[PDB]
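Raw start-v3.json, JSON, C-alpha atoms and all ligand atoms:
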[["chain", "number", "residue", "atom", "x", "y", "z"],
["A", 1, "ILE", "CA", 0.00, 0.00, 0.00],
["A", 2, "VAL", "CA", 1.48, 3.32, -1.15],
["A", 3, "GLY", "CA", 0.42, 6.53, 0.59],
["A", 4, "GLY", "CA", -1.53, 4.75, 3.31],
["A", 5, "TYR", "CA", -1.37, 4.48, 7.09],
["A", 6, "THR", "CA", -0.76, 1.89, 9.79],
["A", 7, "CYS", "CA", -4.13, 0.18, 10.31],
["A", 8, "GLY", "CA", -3.50, -0.79, 13.91],
["A", 9, "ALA", "CA", -3.19, -4.34, 15.25],
["A", 10, "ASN", "CA", -6.06, -6.56, 14.07],
["A", 11, "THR", "CA", -8.27, -3.61, 13.06],
["A", 12, "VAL", "CA", -8.96, -5.42, 9.75],
["A", 13, "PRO", "CA", -9.88, -8.91, 11.14],
["A", 14, "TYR", "CA", -10.81, -10.36, 7.74],
["A", 15, "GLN", "CA", -7.41, -9.62, 6.18],
["A", 16, "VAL", "CA", -5.22, -12.69, 5.77],
["A", 17, "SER", "CA", -1.73, -13.29, 4.41],
["A", 18, "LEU", "CA", -0.97, -16.06, 1.93],
["A", 19, "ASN", "CA", 2.41, -17.59, 2.76],
["A", 20, "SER", "CA", 4.54, -19.96, 0.69],
["A", 21, "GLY", "CA", 7.71, -19.64, 2.75],
["A", 22, "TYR", "CA", 7.17, -15.87, 2.77],
["A", 23, "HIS", "CA", 4.25, -13.45, 2.27],
["A", 24, "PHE", "CA", 3.30, -13.24, -1.42],
["A", 25, "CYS", "CA", -0.39, -12.21, -1.49],
["A", 26, "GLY", "CA", -3.30, -11.14, 0.67],
["A", 27, "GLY", "CA", -6.83, -12.52, 0.97],
["A", 28, "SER", "CA", -10.18, -11.99, 2.69],
["A", 29, "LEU", "CA", -11.87, -14.40, 5.10],
["A", 30, "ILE", "CA", -15.53, -14.85, 4.12],
["A", 31, "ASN", "CA", -16.41, -17.64, 6.60],
["A", 32, "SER", "CA", -14.55, -19.96, 9.01],
["A", 33, "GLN", "CA", -13.32, -22.24, 6.20],
["A", 34, "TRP", "CA", -13.07, -19.99, 3.13],
["A", 35, "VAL", "CA", -10.88, -17.17, 1.85],
["A", 36, "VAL", "CA", -11.30, -15.03, -1.28],
["A", 37, "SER", "CA", -8.14, -14.01, -3.14],
["A", 38, "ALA", "CA", -6.91, -13.39, -6.70],
["A", 39, "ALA", "CA", -6.47, -16.06, -9.36],
["A", 40, "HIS", "CA", -2.89, -14.98, -10.05],
["A", 41, "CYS", "CA", -2.17, -15.70, -6.37],
["A", 42, "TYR", "CA", -2.52, -19.44, -7.07],
["A", 43, "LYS", "CA", 0.69, -21.02, -5.80],
["A", 44, "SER", "CA", 1.85, -24.36, -4.40],
["A", 45, "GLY", "CA", 1.80, -25.13, -0.68],
["A", 46, "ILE", "CA", -0.24, -22.13, 0.46],
["A", 47, "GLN", "CA", -0.53, -21.49, 4.18],
["A", 48, "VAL", "CA", -3.12, -18.93, 5.24],
["A", 49, "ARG", "CA", -2.06, -16.67, 8.10],
["A", 50, "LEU", "CA", -4.91, -15.16, 10.11],
["A", 51, "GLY", "CA", -4.86, -12.71, 13.02],
["A", 52, "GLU", "CA", -1.66, -11.13, 11.70],
["A", 53, "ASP", "CA", -0.31, -7.62, 12.20],
["A", 54, "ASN", "CA", 3.49, -7.81, 12.20],
["A", 55, "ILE", "CA", 4.03, -10.55, 9.59],
["A", 56, "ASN", "CA", 7.67, -11.02, 10.60],
["A", 57, "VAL", "CA", 7.04, -11.62, 14.32],
["A", 58, "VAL", "CA", 4.84, -13.97, 16.38],
["A", 59, "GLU", "CA", 2.58, -11.69, 18.43],
["A", 60, "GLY", "CA", 0.20, -14.27, 19.91],
["A", 61, "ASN", "CA", -3.06, -13.86, 17.99],
["A", 62, "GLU", "CA", -2.03, -15.78, 14.87],
["A", 63, "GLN", "CA", -3.63, -18.83, 13.33],
["A", 64, "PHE", "CA", -1.63, -20.60, 10.63],
["A", 65, "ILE", "CA", -3.82, -22.90, 8.54],
["A", 66, "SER", "CA", -2.87, -24.68, 5.31],
["A", 67, "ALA", "CA", -5.02, -24.44, 2.20],
["A", 68, "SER", "CA", -6.86, -27.71, 1.56],
["A", 69, "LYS", "CA", -8.26, -26.47, -1.77],
["A", 70, "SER", "CA", -7.44, -23.58, -4.14],
["A", 71, "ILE", "CA", -10.14, -23.06, -6.77],
["A", 72, "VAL", "CA", -9.26, -20.57, -9.50],
["A", 73, "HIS", "CA", -12.21, -19.18, -11.49],
["A", 74, "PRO", "CA", -12.74, -21.53, -14.48],
["A", 75, "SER", "CA", -12.70, -18.55, -16.85],
["A", 76, "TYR", "CA", -9.57, -16.85, -15.49],
["A", 77, "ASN", "CA", -7.47, -15.51, -18.36],
["A", 78, "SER", "CA", -3.80, -14.99, -17.44],
["A", 79, "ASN", "CA", -3.27, -12.63, -20.39],
["A", 80, "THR", "CA", -6.22, -10.23, -19.99],
["A", 81, "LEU", "CA", -6.54, -10.88, -16.24],
["A", 82, "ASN", "CA", -10.31, -11.27, -16.65],
["A", 83, "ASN", "CA", -12.02, -13.23, -13.83],
["A", 84, "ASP", "CA", -9.11, -12.70, -11.42],
["A", 85, "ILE", "CA", -10.64, -14.49, -8.44],
["A", 86, "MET", "CA", -9.76, -17.62, -6.46],
["A", 87, "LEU", "CA", -11.37, -19.39, -3.51],
["A", 88, "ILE", "CA", -9.21, -21.05, -0.85],
["A", 89, "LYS", "CA", -10.56, -23.61, 1.60],
["A", 90, "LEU", "CA", -8.86, -23.87, 5.01],
["A", 91, "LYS", "CA", -7.73, -27.41, 5.98],
["A", 92, "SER", "CA", -9.29, -26.86, 9.41],
["A", 93, "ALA", "CA", -11.88, -24.26, 10.37],
["A", 94, "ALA", "CA", -10.46, -21.01, 11.71],
["A", 95, "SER", "CA", -11.37, -20.05, 15.27],
["A", 96, "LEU", "CA", -13.40, -16.86, 14.94],
["A", 97, "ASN", "CA", -12.85, -14.07, 17.46],
["A", 98, "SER", "CA", -12.51, -10.26, 17.55],
["A", 99, "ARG", "CA", -9.17, -10.44, 15.71],
["A", 100, "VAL", "CA", -10.16, -13.13, 13.18],
["A", 101, "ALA", "CA", -13.50, -12.38, 11.54],
["A", 102, "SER", "CA", -15.31, -12.78, 8.23],
["A", 103, "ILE", "CA", -16.31, -9.97, 5.85],
["A", 104, "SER", "CA", -19.74, -9.94, 4.20],
["A", 105, "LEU", "CA", -20.15, -10.38, 0.44],
["A", 106, "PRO", "CA", -22.02, -7.60, -1.40],
["A", 107, "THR", "CA", -25.74, -7.65, -2.19],
["A", 108, "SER", "CA", -25.25, -5.09, -4.97],
["A", 109, "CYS", "CA", -22.37, -3.34, -6.75],
["A", 110, "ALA", "CA", -20.88, -0.13, -5.35],
["A", 111, "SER", "CA", -21.32, 3.20, -7.14],
["A", 112, "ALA", "CA", -18.54, 5.52, -8.29],
["A", 113, "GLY", "CA", -17.35, 7.81, -5.51],
["A", 114, "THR", "CA", -18.06, 5.31, -2.73],
["A", 115, "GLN", "CA", -15.23, 5.39, -0.18],
["A", 116, "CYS", "CA", -13.57, 2.05, 0.55],
["A", 117, "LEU", "CA", -10.81, 0.57, 2.71],
["A", 118, "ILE", "CA", -7.92, -1.16, 0.93],
["A", 119, "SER", "CA", -5.31, -3.03, 2.97],
["A", 120, "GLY", "CA", -2.21, -5.19, 2.69],
["A", 121, "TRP", "CA", 1.47, -5.85, 3.40],
["A", 122, "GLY", "CA", 2.62, -4.80, -0.06],
["A", 123, "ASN", "CA", 5.25, -2.29, -1.21],
["A", 124, "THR", "CA", 4.82, 1.18, 0.30],
["A", 125, "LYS", "CA", 6.89, 2.99, -2.36],
["A", 126, "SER", "CA", 5.72, 4.17, -5.80],
["A", 127, "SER", "CA", 9.34, 4.27, -6.98],
["A", 128, "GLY", "CA", 11.64, 1.90, -5.14],
["A", 129, "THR", "CA", 11.11, -0.85, -2.58],
["A", 130, "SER", "CA", 9.99, -0.98, 1.05],
["A", 131, "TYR", "CA", 7.86, -3.72, 2.60],
["A", 132, "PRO", "CA", 6.15, -3.07, 5.99],
["A", 133, "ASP", "CA", 6.14, -5.26, 9.07],
["A", 134, "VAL", "CA", 2.61, -4.24, 10.07],
["A", 135, "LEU", "CA", -0.61, -4.07, 8.04],
["A", 136, "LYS", "CA", -1.16, -0.89, 5.99],
["A", 137, "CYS", "CA", -4.49, 0.75, 5.16],
["A", 138, "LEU", "CA", -5.77, 3.15, 2.50],
["A", 139, "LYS", "CA", -9.07, 4.98, 2.04],
["A", 140, "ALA", "CA", -9.86, 5.31, -1.67],
["A", 141, "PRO", "CA", -12.96, 5.88, -3.84],
["A", 142, "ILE", "CA", -14.45, 3.63, -6.49],
["A", 143, "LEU", "CA", -13.92, 5.26, -9.89],
["A", 144, "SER", "CA", -16.24, 5.35, -12.89],
["A", 145, "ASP", "CA", -15.97, 2.71, -15.58],
["A", 146, "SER", "CA", -15.49, 5.50, -18.15],
["A", 147, "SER", "CA", -12.46, 6.93, -16.30],
["A", 148, "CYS", "CA", -11.10, 3.41, -15.75],
["A", 149, "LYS", "CA", -11.31, 2.61, -19.47],
["A", 150, "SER", "CA", -9.77, 5.97, -20.36],
["A", 151, "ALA", "CA", -6.84, 5.20, -18.06],
["A", 152, "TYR", "CA", -6.41, 1.68, -19.48],
["A", 153, "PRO", "CA", -7.61, 1.60, -23.14],
["A", 154, "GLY", "CA", -8.81, -1.82, -24.26],
["A", 155, "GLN", "CA", -7.90, -3.49, -20.96],
["A", 156, "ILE", "CA", -10.88, -3.03, -18.63],
["A", 157, "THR", "CA", -13.49, -5.81, -18.72],
["A", 158, "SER", "CA", -16.94, -5.88, -17.09],
["A", 159, "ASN", "CA", -15.35, -7.80, -14.20],
["A", 160, "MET", "CA", -12.89, -5.04, -13.28],
["A", 161, "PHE", "CA", -13.13, -1.63, -11.64],
["A", 162, "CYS", "CA", -10.68, 1.15, -10.84],
["A", 163, "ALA", "CA", -10.24, 2.76, -7.42],
["A", 164, "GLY", "CA", -7.90, 5.43, -6.13],
["A", 165, "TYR", "CA", -6.74, 8.94, -7.02],
["A", 166, "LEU", "CA", -5.83, 10.12, -10.51],
["A", 167, "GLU", "CA", -3.21, 12.57, -9.19],
["A", 168, "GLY", "CA", -1.16, 9.61, -7.96],
["A", 169, "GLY", "CA", 0.48, 8.88, -4.62],
["A", 170, "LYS", "CA", -2.11, 6.50, -3.12],
["A", 171, "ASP", "CA", -2.54, 2.94, -4.40],
["A", 172, "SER", "CA", -2.17, -0.79, -3.78],
["A", 173, "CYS", "CA", 1.14, -2.34, -4.89],
["A", 174, "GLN", "CA", 3.15, -5.58, -5.22],
["A", 175, "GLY", "CA", 2.36, -7.81, -2.26],
["A", 176, "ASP", "CA", -1.20, -6.49, -1.89],
["A", 177, "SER", "CA", -2.76, -8.73, -4.57],
["A", 178, "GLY", "CA", -5.67, -10.86, -3.48],
["A", 179, "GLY", "CA", -6.36, -8.47, -0.62],
["A", 180, "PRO", "CA", -9.62, -6.61, 0.20],
["A", 181, "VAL", "CA", -11.38, -3.48, -0.99],
["A", 182, "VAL", "CA", -14.19, -3.08, 1.52],
["A", 183, "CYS", "CA", -16.94, -0.50, 1.08],
["A", 184, "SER", "CA", -19.66, 0.01, 3.69],
["A", 185, "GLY", "CA", -18.85, -3.35, 5.30],
["A", 186, "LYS", "CA", -18.99, -5.33, 2.05],
["A", 187, "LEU", "CA", -16.16, -6.97, 0.08],
["A", 188, "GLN", "CA", -16.45, -5.17, -3.27],
["A", 189, "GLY", "CA", -12.98, -5.79, -4.64],
["A", 190, "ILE", "CA", -9.85, -7.90, -4.83],
["A", 191, "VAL", "CA", -6.46, -6.22, -5.41],
["A", 192, "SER", "CA", -5.59, -7.22, -8.97],
["A", 193, "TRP", "CA", -3.32, -5.10, -11.19],
["A", 194, "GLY", "CA", -2.26, -1.71, -12.52],
["A", 195, "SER", "CA", 0.42, 0.22, -14.40],
["A", 196, "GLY", "CA", 3.04, 0.40, -11.68],
["A", 197, "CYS", "CA", 1.81, 1.76, -8.34],
["A", 198, "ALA", "CA", 0.46, 5.18, -7.39],
["A", 199, "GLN", "CA", 1.31, 6.65, -10.80],
["A", 200, "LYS", "CA", -0.55, 9.70, -12.09],
["A", 201, "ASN", "CA", -3.53, 8.78, -14.32],
["A", 202, "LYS", "CA", -3.02, 5.09, -13.50],
["A", 203, "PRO", "CA", -5.35, 4.07, -10.63],
["A", 204, "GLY", "CA", -5.35, 0.52, -9.29],
["A", 205, "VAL", "CA", -7.55, -2.10, -10.98],
["A", 206, "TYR", "CA", -9.61, -4.52, -8.90],
["A", 207, "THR", "CA", -11.71, -7.63, -9.45],
["A", 208, "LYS", "CA", -15.43, -6.77, -9.28],
["A", 209, "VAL", "CA", -16.64, -9.11, -6.50],
["A", 210, "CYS", "CA", -20.32, -8.15, -6.92],
["A", 211, "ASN", "CA", -20.34, -10.02, -10.25],
["A", 212, "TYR", "CA", -19.29, -13.28, -8.57],
["A", 213, "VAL", "CA", -21.51, -13.62, -5.50],
["A", 214, "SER", "CA", -23.64, -16.49, -6.86],
["A", 215, "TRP", "CA", -20.54, -18.33, -8.12],
["A", 216, "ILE", "CA", -18.73, -17.86, -4.79],
["A", 217, "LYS", "CA", -21.66, -19.19, -2.73],
["A", 218, "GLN", "CA", -22.28, -22.20, -5.00],
["A", 219, "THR", "CA", -18.58, -23.07, -5.35],
["A", 220, "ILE", "CA", -18.00, -22.93, -1.59],
["A", 221, "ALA", "CA", -21.07, -25.12, -1.05],
["A", 222, "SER", "CA", -19.91, -27.66, -3.64],
["A", 223, "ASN", "CA", -16.47, -28.15, -2.03],
["B", 1, "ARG", "CA", 17.81, -14.31, -32.39],
["B", 2, "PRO", "CA", 17.70, -12.17, -29.22],
["B", 3, "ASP", "CA", 18.72, -14.11, -26.10],
["B", 4, "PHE", "CA", 15.82, -13.96, -23.63],
["B", 5, "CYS", "CA", 18.38, -14.53, -20.87],
["B", 6, "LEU", "CA", 19.71, -11.01, -21.50],
["B", 7, "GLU", "CA", 16.35, -9.26, -21.04],
["B", 8, "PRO", "CA", 15.86, -7.26, -17.80],
["B", 9, "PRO", "CA", 13.59, -8.92, -15.20],
["B", 10, "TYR", "CA", 9.89, -8.21, -15.73],
["B", 11, "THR", "CA", 7.58, -7.77, -12.73],
["B", 12, "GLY", "CA", 4.42, -7.35, -14.77],
["B", 13, "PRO", "CA", 1.14, -5.50, -13.98],
["B", 14, "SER", "CA", -0.21, -7.87, -11.30],
["B", 15, "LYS", "CA", 0.35, -7.07, -7.63],
["B", 16, "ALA", "CA", 1.63, -10.26, -6.01],
["B", 17, "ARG", "CA", 5.10, -10.34, -4.40],
["B", 18, "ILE", "CA", 6.39, -13.66, -5.72],
["B", 19, "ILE", "CA", 10.13, -14.30, -5.58],
["B", 20, "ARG", "CA", 11.53, -15.58, -8.87],
["B", 21, "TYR", "CA", 14.98, -15.90, -10.44],
["B", 22, "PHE", "CA", 16.41, -14.12, -13.47],
["B", 23, "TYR", "CA", 19.79, -14.37, -15.13],
["B", 24, "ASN", "CA", 21.77, -11.18, -14.55],
["B", 25, "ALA", "CA", 24.21, -11.03, -17.47],
["B", 26, "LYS", "CA", 26.19, -8.13, -16.01],
["B", 27, "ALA", "CA", 26.89, -10.04, -12.79],
["B", 28, "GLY", "CA", 27.04, -13.46, -14.44],
["B", 29, "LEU", "CA", 24.61, -15.16, -12.06],
["B", 30, "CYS", "CA", 20.96, -15.95, -11.29],
["B", 31, "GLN", "CA", 19.49, -13.35, -8.86],
["B", 32, "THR", "CA", 16.13, -12.95, -7.17],
["B", 33, "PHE", "CA", 13.48, -10.40, -8.19],
["B", 34, "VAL", "CA", 9.82, -9.66, -7.56],
["B", 35, "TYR", "CA", 7.30, -11.10, -10.01],
["B", 36, "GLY", "CA", 3.76, -9.72, -9.92],
["B", 37, "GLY", "CA", 2.00, -12.96, -10.82],
["B", 38, "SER", "CA", 1.08, -12.55, -14.49],
["B", 39, "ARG", "CA", 2.52, -12.00, -17.97],
["B", 40, "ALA", "CA", 5.90, -13.49, -17.11],
["B", 41, "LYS", "CA", 8.69, -13.16, -19.66],
["B", 42, "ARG", "CA", 11.11, -16.07, -20.14],
["B", 43, "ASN", "CA", 13.96, -14.79, -17.94],
["B", 44, "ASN", "CA", 11.83, -15.76, -14.94],
["B", 45, "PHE", "CA", 12.47, -19.02, -13.10],
["B", 46, "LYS", "CA", 11.03, -20.79, -10.08],
["B", 47, "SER", "CA", 14.45, -21.90, -8.81],
["B", 48, "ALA", "CA", 18.13, -21.04, -9.15],
["B", 49, "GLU", "CA", 18.68, -24.49, -10.68],
["B", 50, "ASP", "CA", 16.10, -23.87, -13.44],
["B", 51, "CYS", "CA", 17.71, -20.50, -14.13],
["B", 52, "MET", "CA", 21.26, -21.88, -14.34],
["B", 53, "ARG", "CA", 20.17, -24.78, -16.55],
["B", 54, "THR", "CA", 18.45, -22.43, -19.00],
["B", 55, "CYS", "CA", 20.62, -19.31, -18.90],
["B", 56, "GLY", "CA", 23.92, -20.35, -17.34],
["B", 57, "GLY", "CA", 26.84, -18.73, -19.13],
["B", 58, "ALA", "CA", 24.72, -16.44, -21.32],
["A", 301, "CA", "CA", 2.76, -12.05, 13.42],
["A", 302, "CA", "CA", 19.81, -11.98, -6.22],
["A", 303, "NA", "NA", 2.07, -4.85, 16.05]]
Will you turn the file into C-alpha cells for me?
Amino acid sequence: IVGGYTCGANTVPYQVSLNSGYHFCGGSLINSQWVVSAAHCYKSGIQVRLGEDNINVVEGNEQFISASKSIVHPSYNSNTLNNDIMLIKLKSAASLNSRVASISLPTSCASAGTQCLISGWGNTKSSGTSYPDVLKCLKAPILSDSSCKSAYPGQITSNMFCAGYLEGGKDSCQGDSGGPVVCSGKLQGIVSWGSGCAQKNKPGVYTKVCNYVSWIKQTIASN
Amino acid sequence: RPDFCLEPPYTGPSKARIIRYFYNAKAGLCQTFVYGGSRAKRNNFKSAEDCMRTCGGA
C-alpha cells in the first residue's frame, strides 16, 4: 500500500496473508473455512495466516492454517486478467474471534465515488522498494468505468473496476494482490493489477466481486 | 535471435510479491526479483537451478 497508514493491530480482522515460505499475497476471510483471493495468487503449498499484524514476528493472535483447496475461477485468463478471483478452503476451520472475523459479500455493486478501505502488506513505495512489518491501510474511492477505461484503453473488462486517485500517490502495490477493498462493510474488490503503483492517471484495478456472488456461494457449497 | 536470458527482469502488472529468479548477465549469475504474478517473460524461473540450466553462461 502506497500513501496509506498503519491500520492498527487486528483492526482489519478479515485480512489474511498467503504464505509460501514468505508473504506473497493477501486474501479476505468470508467464513470460518473460506478465503477469497486473486487467481494470479494461485501457488503451491499455500498457508493462510490469520490474526496477523506484524508478519515477521509472532505476536500471539495468529492462526496458521494450510489451504486444503485452491479453486481458480474456471474462466480466469492470465493474459487479460479477466475473472481474477480464487477461492481457498482452510484445511481446518479457523477459530473466529474479535481479531479473526469474516467480511460480508455484497448484495449489490458499489457506485462511483463510494469510499472504501484497501489493505495489505505490499510495497509502500511508488518508486523503489519498502515492505512493511505491520498491516497498511488506505481509504480510496471507487472510480467510474469511463475513467477506468480511459486510463487503461482496451484493458478493462466488465469484471474489473478502478479505485484510487488520478493525481497519484495512493494505491495498492506488489504484495497487496488478493487483498480486500471493503466499502460500507462489504467486500467489493480484490487487489488485482495496474500500471506500476500510485502513478498519475493510473489508478489501481480490482476484481469486481459483486459479479461473482452467486458463483462464490455455490462453489463454496460444492467443495 | 535475441537471447531472452539477457532481457531485464519483468515484474508485470499484477500485484503479487512472488520471488523468482532471473539471469543477470552483467553479474554473471541468477538473482532474485519480484514477479507480480502474471505475464511473465522467459527470464523468470522458479528456482536457481532452473535459471542456471536455462541461462547459465549467457
Ligand atoms: Ca505475526
Ligand atoms: Ca539476487
Ligand atoms: Na504490532
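For the atom pair formed by atom CA of residue 185 of chain A and atom CA of residue 4 of chain A, the distance is 19.2 Å, given to one decimal.
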Would you kindly return, as a compact mmCIF listing (two decimals) with C-alpha atoms, in the coordinates of the input, each protein, DNA or RNA residue with an atom no farther than 6 Å from any atom of residue 168 of chain A, considering only C-alpha atoms and excluding same-chain residues fewer than 4 positions away?
# COMPACT_ATOMS: atom_id res chain seq x y z
CA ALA A 198 0.46 5.18 -7.39
CA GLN A 199 1.31 6.65 -10.80
CA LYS A 200 -0.55 9.70 -12.09
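A straight line drawn from atom CA of residue 33 of chain B to atom CA of residue 21 of chain B is 6.1 Å long.
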Would you give me, as CSV, each residue of chain B having an atom within 7 Å of an atom of chain A, along with its shortest atom pair and that distance in Å to one decimal, using all atoms listed in the file and sorting by chain and residue number?
residue,atom,partner,partner_atom,distance
B:13,CA,A:193,CA,5.3
B:14,CA,A:193,CA,4.2
B:15,CA,A:174,CA,4.0
B:16,CA,A:175,CA,4.5
B:17,CA,A:175,CA,4.3
B:18,CA,A:24,CA,5.3
B:36,CA,A:174,CA,6.3
B:37,CA,A:40,CA,5.3
B:38,CA,A:78,CA,6.2
B:39,CA,A:79,CA,6.3
Write out, as a Markdown table, each residue of chain A that has an atom at most 7 Å from ligand NA 303 (chain A), together with the closest pair of atoms and their distance in Å to one decimal, counting all atoms listed in the file, rows going by chain and rising number.
| residue | atom | partner | partner_atom | distance |
| --- | --- | --- | --- | --- |
| A:9 | CA | A:NA303 | NA | 5.3 |
| A:53 | CA | A:NA303 | NA | 5.3 |
| A:54 | CA | A:NA303 | NA | 5.1 |
| A:134 | CA | A:NA303 | NA | 6.0 |
Keeping only C-alpha atoms, take the residues you just selected and write them out as a PDB file, keeping the file's coordinate frame.
ATOM      1  CA  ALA A   9      -3.190  -4.340  15.250  1.00  0.00           C
ATOM      2  CA  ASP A  53      -0.310  -7.620  12.200  1.00  0.00           C
ATOM      3  CA  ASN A  54       3.490  -7.810  12.200  1.00  0.00           C
ATOM      4  CA  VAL A 134       2.610  -4.240  10.070  1.00  0.00           C
TER       5      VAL A 134
END
Margin query: Counting all atoms listed in the file, what are the residues, protein, DNA or RNA alike, that approach ligand CA 302 (chain A) to within 10 Å? I want them as a PyMOL selection string.
Written below: chain B and resi 19-24+27+29-33+48
Determine, counting only C-alpha atoms, which protein, DNA and RNA residues have an atom within 9 Å of an atom of residue 6 of chain B; residues of the same chain fewer than 6 positions away are not included. Present the result as a PyMOL selection string.
chain B and resi 23-26+43+55+58
Is there a way to complete segment 31-53 of chain B with N, CA and C atoms and then write that out as a tab-separated table (two decimals), in the frame of the given file?
chain	number	residue	atom	x	y	z
B	31	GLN	N	19.85	-14.17	-10.03
B	31	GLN	CA	19.49	-13.35	-8.86
B	31	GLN	C	17.98	-13.41	-8.66
B	32	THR	N	17.54	-12.96	-7.49
B	32	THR	CA	16.13	-12.95	-7.17
B	32	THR	C	15.52	-11.60	-7.56
B	33	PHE	N	14.22	-11.61	-7.84
B	33	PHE	CA	13.48	-10.40	-8.19
B	33	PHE	C	12.02	-10.65	-7.87
B	34	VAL	N	11.24	-9.58	-7.84
B	34	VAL	CA	9.82	-9.66	-7.56
B	34	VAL	C	8.98	-9.76	-8.82
B	35	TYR	N	8.21	-10.85	-8.90
B	35	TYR	CA	7.30	-11.10	-10.01
B	35	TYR	C	5.89	-10.82	-9.50
B	36	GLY	N	5.11	-10.09	-10.30
B	36	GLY	CA	3.76	-9.72	-9.92
B	36	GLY	C	2.69	-10.79	-10.03
B	37	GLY	N	2.98	-11.89	-10.71
B	37	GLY	CA	2.00	-12.96	-10.82
B	37	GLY	C	1.42	-13.24	-12.19
B	38	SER	N	1.60	-12.33	-13.14
B	38	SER	CA	1.08	-12.55	-14.49
B	38	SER	C	1.97	-11.96	-15.57
B	39	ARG	N	1.79	-12.46	-16.79
B	39	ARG	CA	2.52	-12.00	-17.97
B	39	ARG	C	4.03	-12.14	-17.87
B	40	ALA	N	4.48	-13.23	-17.26
B	40	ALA	CA	5.90	-13.49	-17.11
B	40	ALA	C	6.63	-13.59	-18.44
B	41	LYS	N	7.84	-13.04	-18.48
B	41	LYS	CA	8.69	-13.16	-19.66
B	41	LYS	C	9.50	-14.44	-19.39
B	42	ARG	N	10.36	-14.83	-20.32
B	42	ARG	CA	11.11	-16.07	-20.14
B	42	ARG	C	12.29	-16.06	-19.17
B	43	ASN	N	12.86	-14.89	-18.91
B	43	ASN	CA	13.96	-14.79	-17.94
B	43	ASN	C	13.29	-14.64	-16.57
B	44	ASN	N	12.60	-15.70	-16.18
B	44	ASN	CA	11.83	-15.76	-14.94
B	44	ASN	C	11.75	-17.25	-14.61
B	45	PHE	N	12.41	-17.63	-13.52
B	45	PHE	CA	12.47	-19.02	-13.10
B	45	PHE	C	12.03	-19.26	-11.67
B	46	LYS	N	11.51	-20.45	-11.41
B	46	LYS	CA	11.03	-20.79	-10.08
B	46	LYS	C	12.13	-21.21	-9.11
B	47	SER	N	13.31	-21.49	-9.64
B	47	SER	CA	14.45	-21.90	-8.81
B	47	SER	C	15.76	-21.46	-9.45
B	48	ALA	N	16.82	-21.41	-8.64
B	48	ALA	CA	18.13	-21.04	-9.15
B	48	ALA	C	18.62	-22.11	-10.12
B	49	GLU	N	18.28	-23.37	-9.84
B	49	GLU	CA	18.68	-24.49	-10.68
B	49	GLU	C	18.06	-24.38	-12.08
B	50	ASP	N	16.78	-24.02	-12.15
B	50	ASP	CA	16.10	-23.87	-13.44
B	50	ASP	C	16.77	-22.74	-14.22
B	51	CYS	N	17.07	-21.65	-13.52
B	51	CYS	CA	17.71	-20.50	-14.13
B	51	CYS	C	19.10	-20.83	-14.67
B	52	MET	N	19.92	-21.53	-13.88
B	52	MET	CA	21.26	-21.88	-14.34
B	52	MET	C	21.24	-22.86	-15.51
B	53	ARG	N	20.29	-23.79	-15.49
B	53	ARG	CA	20.17	-24.78	-16.55
B	53	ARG	C	19.81	-24.13	-17.88
